[PDB]
Amino acid sequence: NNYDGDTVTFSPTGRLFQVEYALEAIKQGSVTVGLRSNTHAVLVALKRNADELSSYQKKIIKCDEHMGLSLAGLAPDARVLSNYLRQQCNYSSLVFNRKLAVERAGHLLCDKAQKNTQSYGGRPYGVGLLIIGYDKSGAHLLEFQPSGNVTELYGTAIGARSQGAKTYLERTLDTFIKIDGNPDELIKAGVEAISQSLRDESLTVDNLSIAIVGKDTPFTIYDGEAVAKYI
Amino acid sequence: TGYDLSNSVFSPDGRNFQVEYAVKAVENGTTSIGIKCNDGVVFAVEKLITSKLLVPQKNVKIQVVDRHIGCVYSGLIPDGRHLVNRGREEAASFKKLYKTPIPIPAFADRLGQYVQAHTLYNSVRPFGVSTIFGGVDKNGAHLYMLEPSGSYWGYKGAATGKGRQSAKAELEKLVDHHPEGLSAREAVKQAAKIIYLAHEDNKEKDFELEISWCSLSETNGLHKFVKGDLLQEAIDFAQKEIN
Amino acid sequence: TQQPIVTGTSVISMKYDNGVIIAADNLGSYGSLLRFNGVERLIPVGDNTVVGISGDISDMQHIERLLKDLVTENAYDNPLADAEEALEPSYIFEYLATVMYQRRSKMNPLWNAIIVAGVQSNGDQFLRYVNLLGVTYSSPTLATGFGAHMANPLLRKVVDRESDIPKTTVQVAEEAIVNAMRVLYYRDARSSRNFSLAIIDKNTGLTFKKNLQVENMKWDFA
Amino acid sequence: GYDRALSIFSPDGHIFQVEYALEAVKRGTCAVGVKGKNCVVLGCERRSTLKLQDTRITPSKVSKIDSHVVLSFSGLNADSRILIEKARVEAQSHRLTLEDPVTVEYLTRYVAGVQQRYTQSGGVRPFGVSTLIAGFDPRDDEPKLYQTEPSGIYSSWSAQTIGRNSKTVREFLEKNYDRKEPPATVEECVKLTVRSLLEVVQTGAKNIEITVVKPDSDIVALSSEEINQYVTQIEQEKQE
Amino acid sequence: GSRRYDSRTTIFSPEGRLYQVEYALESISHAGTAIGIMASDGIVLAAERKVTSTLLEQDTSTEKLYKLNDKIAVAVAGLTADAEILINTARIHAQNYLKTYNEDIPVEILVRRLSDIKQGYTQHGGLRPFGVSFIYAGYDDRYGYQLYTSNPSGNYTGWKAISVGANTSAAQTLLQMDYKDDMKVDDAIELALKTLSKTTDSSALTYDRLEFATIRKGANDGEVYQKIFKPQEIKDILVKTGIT
Amino acid sequence: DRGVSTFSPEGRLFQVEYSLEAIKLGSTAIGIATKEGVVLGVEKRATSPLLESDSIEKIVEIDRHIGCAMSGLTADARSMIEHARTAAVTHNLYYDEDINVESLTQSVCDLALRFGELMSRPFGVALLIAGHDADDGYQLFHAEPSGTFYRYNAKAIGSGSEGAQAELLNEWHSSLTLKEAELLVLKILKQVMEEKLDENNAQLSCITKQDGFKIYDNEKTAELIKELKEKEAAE
Amino acid sequence: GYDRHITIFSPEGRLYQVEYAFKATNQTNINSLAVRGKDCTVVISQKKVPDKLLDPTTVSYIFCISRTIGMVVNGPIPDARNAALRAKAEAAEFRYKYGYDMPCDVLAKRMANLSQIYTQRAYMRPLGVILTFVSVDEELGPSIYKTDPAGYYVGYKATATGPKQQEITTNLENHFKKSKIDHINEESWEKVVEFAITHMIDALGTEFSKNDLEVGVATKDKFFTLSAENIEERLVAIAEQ
Amino acid sequence: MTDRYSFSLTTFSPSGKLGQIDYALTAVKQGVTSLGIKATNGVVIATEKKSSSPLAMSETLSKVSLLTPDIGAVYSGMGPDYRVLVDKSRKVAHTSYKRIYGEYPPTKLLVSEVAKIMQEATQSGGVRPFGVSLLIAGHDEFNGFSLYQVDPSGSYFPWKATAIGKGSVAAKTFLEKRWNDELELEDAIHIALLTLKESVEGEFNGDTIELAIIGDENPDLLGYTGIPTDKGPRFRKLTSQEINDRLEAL
Amino acid sequence: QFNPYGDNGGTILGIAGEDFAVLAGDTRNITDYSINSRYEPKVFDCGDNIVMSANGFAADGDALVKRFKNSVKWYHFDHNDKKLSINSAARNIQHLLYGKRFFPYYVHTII
């Protein structure tokens, strides 16, 4: 109200409204789902078009051979944060001959977002990210909020109507965590999860975007006729 | 009025309302505690399980500084991480120049001065965390608690977050009933109980217990996380006391 | 640009069937003056890596502090610091190799020759060299300074190529290393009788031997 | 440094500081440009609220940027000096590096670029100045006349006016200027320029300045008497 | 943060005016009147000190008339402290030019330089403008005797006769009435003092309330002399012209 | 007042949303992509008859294989064009090849959100970037001040955009010829323009693989306008 | 009314942020007192530990700035420690640059100058503290110099600070009106501490245990704080006559 | 952090007033009275030592300060602002003059430097004006004795005699009746003490009054002998006893 | 005086066929009259069907190959996984080398 003019101001109840408004941009964004087993991790994203002449906005970005994310909210902010992750993954490989741990990648993203919430002149990031990866401790899934809060999960969803997919994953938890050594079945579970968030529209061949990373699987994005198999 | 719209502005009372509003964010956070024992310190924190999809034991909250100091905080988690990152830089530069690991009172002032600096200007926001920290140095065990204003003192026991009143009452009983002191292993058990008791203010969702400790006899003065059998033993002791 | 002041001589090392051995004497020379007699030049990092350093001792002590800081830093926000996310010999080497090459590129080198010896997570032997120029190389046997000229020829008679490594036991390898140290004591004017030796084995872990001496010496014939 | 964003968008998509800079131009004395077949004429209004002025030394309204290009303006006088200096420096820099003087379009593009920059740079306000830039490209006999404004947009004009009551003189020019047959001589062009200012000026005395630019760096400013002869001939034809 | 307290000194009004420049001009209208009159054989500078005291040390006092170099002087109307900042900068510019070209700086070049400095404070930096208007009286071998004025906007113009400060409307009308082109310095001296005598807000015009200066080629032969009048000399010229 | 980088309660940047309103006031620009080339057309919209309309430059070359049309505060486009040209030329210098149309567009869009308290505000202009490369063929992009860019088969921006886009919805198909696209841009420009369309107040351009980017002569466009009039009178 | 938020003049020529910083000074509800002996300078301050969970040994508002200079602070502890760290840095730098120990009055002036800057520069807020510096100066002898948020400072024969400063001040005034000398005419610092505690008891009307007080003593070449047992010995002597 | 107040805090109001300067002058008006009188062979500057507490040692608070050996200063208004200005004035006398010309600046030029500092606090970013008016008395070889007033705006004026602060209006009228161009230094001191008594409520003696002179050279205060051209400072602060001696002849 | 350069010996050979190419090199690494290694790989697969060797001072050689491999990675990131053609790689390597024109990589590079 009187306390939402900038990110450097607490409200009388201890809230940061600019951060909360940045969180609101994610809710307006298109739904994206993340889930994993013990061998693989999967991203599923519903891409959004402007109209029938336009392309469908890409949602998934590769960060390294073993790591990548999906976005919901301001796409240019995702480009800034994914570029930063690419650099940090790259620094780890060049300097230490070491693949960057997914948990450490989350810590770096948290700290980068935090600096934009405590200083004058800046603004919070207006995007949410779901990071998947396979490192020395197996498969991982992270959820990033521009408040700085990063959380490791078995599965999750962000964007508009994400609550439907999140409840489904909460039911299916015991099933999909056991889908080891079967990439197609894990993706099926993700496609079925994101379907719980659709209304009026359904998953078409230029609508759907899928990514996967695993034990002997580099981070690869599937679009177009490569996802027709799962429709 | 308007005195509360900008950081570092004195109200007619002589108060900094923006710092007082940061305290509200701390009071909204989960319960974290610290217990000073005979030859060390124990830290414990309540981790709210928002969903079944949270991977157990993975979202670690307690943080180590150097190899002998533990830090835990309640409020805005990112703010606490920022403070610990600074603490790690302060500890590194101290050890670089003076060789010896940073003493706990020395480390306490480093955090204190940094947090206080964020109450001097309107171009920065105060920290939305109260931090409980400490460890073992050459003069023995030390436990501290640091507020958004930059204010800190030494403690026998400390608590912050939503269930701080409950926790404080429990800590006060331990101080009265043990003037001679508490052992490190006893403190771990007691820390588990107090977090379980303080969870009544957050009773809607279930939680996960996380404990760490630095002890001269039990951990060689190094900070370590309580894991496996010792953690389960503390959880059992805690569950027995609430029933 | 500088000049080395207090210096350490040869570091020698070799691979064997289950791991690596590395050794270096305990002398810190001040030109031709044998000034300091209790200098440890093998520095262990965790339980899987030993870094052997020759050349300028002041720079060695700096590198020792960098490695100590590396262990502290790796443990930060790392629940698997003593397991899957522990420091590997390959991580430690690549970091040092980066530092050495950067420093020579600013025309302000760390005046050293370094051998990183260790065993990787998968049990693989690790042995690689780096110096003040940032030059790196690997070989079944590695040695610095005088060791390169006198130790390598002896150690290469045991392991001459990659296929000789599985045929070489820890007893044969240690024997060869100890003999090389004796030969260096005979012939290097900046060496000492006292030395340290470290074995990193994939089964028995890190064995660090201090206060070893060159023995069974021949002189008589004089 | 002072970094405050003074030029910003409003809910209706307007940048008020740029629009208010145009209001400063509206207040400035009227300037007019007319290109003939082989010349360009720049006319300027002098407000007669200031007498006891020393006309020898008082800053003249038309300024040479190089030997072949001139610049006139409407709006804040102090602001115009900064644009004129920058343009003169750039003109010499162009000669030094390209070994050829600036084209009239290039010089216009530069000045317009400076004006635009001051509409989305922190800590600065836009120039309260619109300019008329006229001349001939090196080794070219085609007349050139351009206009710039605070926003930084620029364009070429057969004839144009800026400043106070420029709506009226543009009305005159739009019905009196024929594109198929522009003023064929210097005389005809100057006459049409003086006529256009007489719609707005008041007394045809020391209130009208006229500068004629011809090809090959031939630039001359008309005197009071020379202009007075045009003023006389125009009204004697009007008495009919 | 800090934006809250920023007055934004360098913005246009909806009418296209610079607020701070306009308000600085309002300030200057309450300053003591300064007058410059240019003649064929020299220039006169006359200025009124603001309501003085009997205990003010007049003979060592200077608030209106300042020397920039041997050929150029200024009359000040507005904040004296602001004026001295600009005056010192102008003195340095003149010396820079003399060092570079080994010739005295032409009057207009000095005036343009100071005026550009004033202009800068209205367009960038977020600082308040200088609350000063200058009358420049000077001589060079290109244009001879010259009068200029500059104001907080950084705009400058040339004049035969001009006033700044208080009652400029009344003063300018009186000057416009009696000024002629073939006028001489001694006639201009009389016009300047008569104009101040009529426009002043004081009861009577006396020597202790005035600062006076002339720039004459009344320097022996082909050169120019500046004369900052002493208190007794102002008293004498007041009697000579028949005002006291 | 309020920050230049402030979010609204709906999660949108005030300044970006306001710059979009300025673009709505701009003159119309239309692009149509075909397998034979991409066509770009603009409304010139001269404010007076004395303004020489061929000095109005709202279609611009970025490289031989990339063209660009603008709508909104067109003075803001100049630094964007400068950057685009520099990026295209720089990439050729570094890699001895043409730059991809998407990569060029992405480079331009990186400038967009570089504002705050960097430039003091967002750009008040939208761009249609058209071009060809060997990997993805003929392409048309819409670059906004939000930093977002969408690929389009056809797109209209400016004051007549929603009426024009509805028209492009009905008319575009994947088998359009270059000639059919040219007439289609002319037809829709004529529909949404205030003044009557001719070769002096409207401009056409195209990008083909063979000939690269070309702005059409007024004589060439005048013939296409005459061809349009006759085929509309043909039924 | 933004002239109340930053350090600019109000229409009355006042600086409200400075005035409100003076009010923050009494937020701790602690009173302090300083007096001079023949060979020493003594400072006493109330000690209140309201929480049983606190470590009482870490609760302090007296600081050892240098070997010779001590400082007691009236105000919140964060600002107190801010001032303490700076004073310590300034004292150490002085000795390095000029080759001799920083005098008590010179440090006070330096800290007062820093405070003055906060009252003139808008981006910096005043510190809500009053700083009382004590020493036995090698040139001036026993010294008390006190600094406030306005940037004012002056030397004192004796002084008092806190919510009940007036009661203590008047009590001290009345004693020096009797004795007609500028100090406590006593040989040992122990008795000067006893004087200081006695007159605080009289002025406040309250009794003190060993844990209710905090004492600092400056002698030639060193400043030191008393332990609870040293204070107890002082309290016993007071009660025994 | 960083000082983000890069804009002026003093600006022109619609009426042409610079508010912050006016308010600074109001703070000076509330200040304790100080005065200065110029004689033929010297200058005197004086003020009241308004002690904030009787426990305070008012000798440790110097309201009258030496700037150079031949220049002194007194103020009315905010004490802390004065103290820092004295530090800056002492330094600028060296950096911008003595380190260049090998001699101390003349009174008028040092005044000019102090004035410039005060002017800049009236225009520079993120600062308020100084809340003091200064009276600066001094002597130099070519200008003789002089007395100057410097205001918060940075404006300065030379005076024969004047007063600033609390009771300045009444004091200036008192000085107008008594001053003439034939006063000797002792006469000026006598008039100074008479004038200052009117604005003082309580005790009026050498311990409550601070008074200094610019007069003859004091070779006894030089600290060394052997250089004929060096004859000692002309600034001298009168002692408590010296003031009381002249209060009997009052 | 510190000499930032050294000579690690080695010999490399590149030959272009009609529809193939070979890049060969010996595996010996030396300083002065000593052998550092009998097998130290000198020719590297850099991705996108490009092989590279930077012979001479091995520290500079390793640094250049490492930076080029990195350039291939970022070319994929920045340009939609487009394959880096051999001519484009060659021009890119020129800029990597000329970037240190006044403190050169002491190597003779062949791709």
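Order as written gives the chain letters A, B, C, D, E, F, G, H and I; numbering starts at 1 within each chain.
One rule holds in what follows: a contact is a pair of C-beta atoms (placed from the backbone, for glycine too) under 8 Å apart; a residue touches a chain by one contact, two chains touch by 3 or more.
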item: Set of chains adjacent to chain E and to chain H; value: B, D, G
item: Contacts common to chain C and chain F (chain labels); value: A, I
item: Pair joined by more contacting C-beta pairs (A-F or B-C); value: A-F
item: CA centroid of chain B to CA centroid of chain E, Å; value: 70
item: Euclidean distance of C-alpha centroids - chain E vs chain I, Å; value: 74
item: Centroid distance [mean C-alpha coordinates] between chain I and chain C, Å; value: 29
item: Distance from the mean Cα position of chain C to that of chain A, given in whole angstrom; value: 45
item: For chain D, residues that touch 2 or more chains besides their own; value: 2-4, 6, 123
item: Interface hub residues of chain G, defined as touching at least two other chains; value: 2, 5-6, 122-123
item: Residue list for chain H, restricted to those that touch at least two other chains; value: 4-7, 9, 125-126
item: Chain F-touching residues of chain A, taken from the complex the two chains share; value: 4-6, 18, 21-28, 49-55, 57, 73, 75-76, 79, 121-124, 126
item: Residues of chain E defined as touching chain G within the complex; value: 2, 4-5
item: Interface residues, chain A side, partner chain B - complex; value: 2-3, 7-16, 103, 107, 110-111, 113-115, 117-121, 147-149, 151-156, 166, 169-170, 173
item: Residue ranges of chain H in contact with chain D within the complex; value: 6-7, 125
item: List of chain B residues in touch with chain H within their complex; value: 117, 120-121, 123-124
